[PDB]
Structure formats: structure tokens, C-alpha cells
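Number of protein chains: 2
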Amino acid sequence: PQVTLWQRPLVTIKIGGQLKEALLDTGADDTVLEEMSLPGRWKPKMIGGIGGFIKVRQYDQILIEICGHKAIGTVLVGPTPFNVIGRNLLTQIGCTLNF
Amino acid sequence: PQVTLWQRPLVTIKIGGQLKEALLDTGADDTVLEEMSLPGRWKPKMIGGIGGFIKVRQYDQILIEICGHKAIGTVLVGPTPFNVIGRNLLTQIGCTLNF
Ligand SMILES: O=C(Nc1nccs1)c1cccc(CN2C(=O)N(Cc3cccc(C(=O)Nc4nccs4)c3)[C@H](Cc3ccccc3)[C@H](O)[C@@H](O)[C@H]2Cc2ccccc2)c1
Numbered sequence: 001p002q003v004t005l006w007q008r009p010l011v012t013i014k015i016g017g018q019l020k021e022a023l024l025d026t027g028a029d030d031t032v033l034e035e036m037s038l039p040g041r042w043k044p045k046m047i048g049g050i051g052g053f054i055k056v057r058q059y060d061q062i063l064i065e066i067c068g069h070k071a072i073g074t075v076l077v078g079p080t081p082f083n084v085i086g087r088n089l090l091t092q093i094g095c096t097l098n099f
Numbered sequence: 001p002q003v004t005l006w007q008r009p010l011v012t013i014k015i016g017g018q019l020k021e022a023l024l025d026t027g028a029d030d031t032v033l034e035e036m037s038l039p040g041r042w043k044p045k046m047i048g049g050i051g052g053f054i055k056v057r058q059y060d061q062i063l064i065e066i067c068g069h070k071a072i073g074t075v076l077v078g079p080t081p082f083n084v085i086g087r088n089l090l091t092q093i094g095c096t097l098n099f
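Protein chains in written order, with the entry's author numbering: chain A, 1 to 99; chain B, 1 to 99.
Now the structure itself:
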């Protein structure tokens, strides 16, 4: 799709059998999701944002379908205000920025 | 131009006679820059990000050049780690997201 930026660029994702919506976020290196039951192993990590750092759990090799596109990668789950999809998954669905 | 997201999408901007680099950030509503000196009047605002909230100063009607394109808008100056251009300016240079 081509999405213009007059509104939040929100998309539907299915992760773990749950459907959420999320923001396509070009400035975020990593994908961070709000608290959610994911099965499996995870490693604690911290990321920074504006505002500070947050401790998060990192899940590797998780399948996500973002607007119907499947991709697999790392997601971080933690106290974000909003589900953000960052460049690690954006490259996989082929997402580009044009001006 | 077209920008793929394998690297952080930085552009050069010129603002208040100064050159900086900034990140193009579709997940950000507002543009927020590191502290620098801008002329004029401002007012306090408080912005939330991942990690928390920060207080910033709002300058309205600032001229920025982002790549070779000019825009005039609100700019927030404050304690970010990284200069972020948000959708309020991104819309003015006609930036789209495509997948
Ligand atoms: O990978 C990451 N970090 C890592 N650390 C180590 C390794 S990887 C990472 C992953 C996701 C997000 C971020 C951190 N992050 C944010 O904090 N903001 C808040 C933001 C930025 C700019 C403006 C606003 C804004 O307008 N906010 C408003 N609040 C009220 C009104 S408007 C908000 C949003 C996301 C957001 C929007 C709304 C609510 C909550 C969050 C941006 O869209 C993101 O790209 C990014 C920008 C950034 C990148 C690096 C360092 C600092 C800041 C970093």
C-alpha cells in the first residue's frame, strides 16, 4: 500500500493468535509491543526512547503477520504506550520511505 | 528520493542557520530536536515517548530545510537523544510510506 502521513500509520498485525494494531515506525530500530502472552524463552533487555529507558523481554524468532505479510524476527514486549513496528520488521515486508 | 530501512533514515536539515542530521520518523507526531539555540518566543509543552515524558519548548512557525525542501512548522526543542522529524513536518515534504 502507499500510506500518506496525515494520520498515524497504523496497521493490523496478528501475533500469537492475537490481532492487534500497531504503528509503522521508521525511527524505531526494534519492534516493541505492549505486554502480551507470548509463549517461550525470553531474555531481559533495556531499550531507550524519548523519556528514558525501559526494561523489556526479548523474544526471538517470532512470526508476525503485518498487513497480511508474514515475517519472523525479534519482538520486545514491555511497557510501551503503543505497539510499534520498527526497522527490523519493516525491512522484511519491504517497507520503504519515499519523498 | 526512495529510502530503504536497512539503515537509519537520516537526512540533513538546516535550521536557525545551523546544519544537523535528523531521523525521519513516521511514528512521531511532532518534531523534536536536541537543545540548540533558536530565536524568538517559545512555550513549554511536555511530550511523551517510550520511556516517559519530557518537557520541551515549543517554537511555532520555524523554517526548516530538510534535504532541499523547505517547510515551516512547529518544532519542539528539548532533551531528546536524537533529532526526530515527525509527521507534522513529514506531511509537508510529501513523504510517503510504501510497501
Ligand atoms: O529500538 C528502540 N530503541 C533502542 N534502544 C537501544 C537499542 S534499540 C526504539 C524502539 C521503539 C521506540 C523507540 C523510541 N521512540 C520514541 O520514544 N518515540 C516517541 C516520540 C518521539 C518524537 C516525538 C513524539 C511525539 O510527538 N510525542 C507526543 N506526545 C504527546 C503529544 S505528541 C514521540 C516514538 C515512538 C512512540 C510514539 C508514541 C508513543 C510511544 C512511542 C518514535 O516514533 C520512535 O521512532 C522512537 C524515536 C526515538 C528513537 C531513538 C531514541 C529516542 C527516540 C526506540
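The C-beta atom is built at its ideal place from N, Cα and C for all residues, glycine as well.
- prompt: Hey, quick one: how far does the beta strand (DSSP E) through B:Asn98 stretch, first residue to last?
  reply: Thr96 to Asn98
Pairwise C-alpha distance: B:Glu21 and A:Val3: 24 Å
- prompt: Using the rule of at least 16 other Cβ atoms within 10 Å of the residue's Cβ for burial, across every protein chain shown, is B:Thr12 buried or exposed?
  reply: exposed
Where the stretch 63-94 of chain B meets chain A: residues whose CB sits under 7 Å from a CB there: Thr80, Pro81, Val84, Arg87, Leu90, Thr91, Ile93 and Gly94
task: Go ahead and pull the three-state DSSP assignment for B:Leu38.
output: coil
field: Member of A:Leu24, A:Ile15, A:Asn88 and A:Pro79 whose CA lies at the smallest distance from the CA of B:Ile50
entry: A:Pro79
- prompt: Are A:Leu5 and B:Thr26 closer than 9 Å when you measure CB to CB?
  reply: yes
task: Starting from B:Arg57, follow its DSSP beta bridges and name the residues at the other end.
output: B:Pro44 and B:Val77
message: On a Cα-Cα basis, can you pick out the residue from A:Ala71, A:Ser37 and A:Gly48 that is closest to A:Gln18?
response: A:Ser37
query: Can A:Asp30 and A:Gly94 be called in contact, C-beta distance under 9 Å?
result: no
message: Quick check: does the Cβ of A:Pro9 come within less than 8 Å of any heavy atom belonging to ligand 1?
response: no
query: Beta-carbon of A:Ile13 versus every beta-carbon of chain B: anything under 9 Å?
result: no
field: Whole-angstrom distance between A:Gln7 and A:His69, CA atom to CA atom
entry: 22 Å
Reference A:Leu63; option with closest CA among A:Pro9, A:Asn98, A:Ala28 and A:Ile15: A:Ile15
- request: Report whether the distance from the Cβ of A:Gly49 to the nearest heavy atom of ligand 1 is below 8 Å.
  value: yes
message: Rounded to the nearest angstrom, what separates A:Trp42 and B:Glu65 at their Cα positions?
response: 43 Å
field: Burial state of B:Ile54 (16 or more Cβ within 10 Å)
entry: buried
query: In chain A, which residues lie less than 9 Å from B:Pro9 when you measure between Cβ atoms?
result: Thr26, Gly27, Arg87 and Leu97
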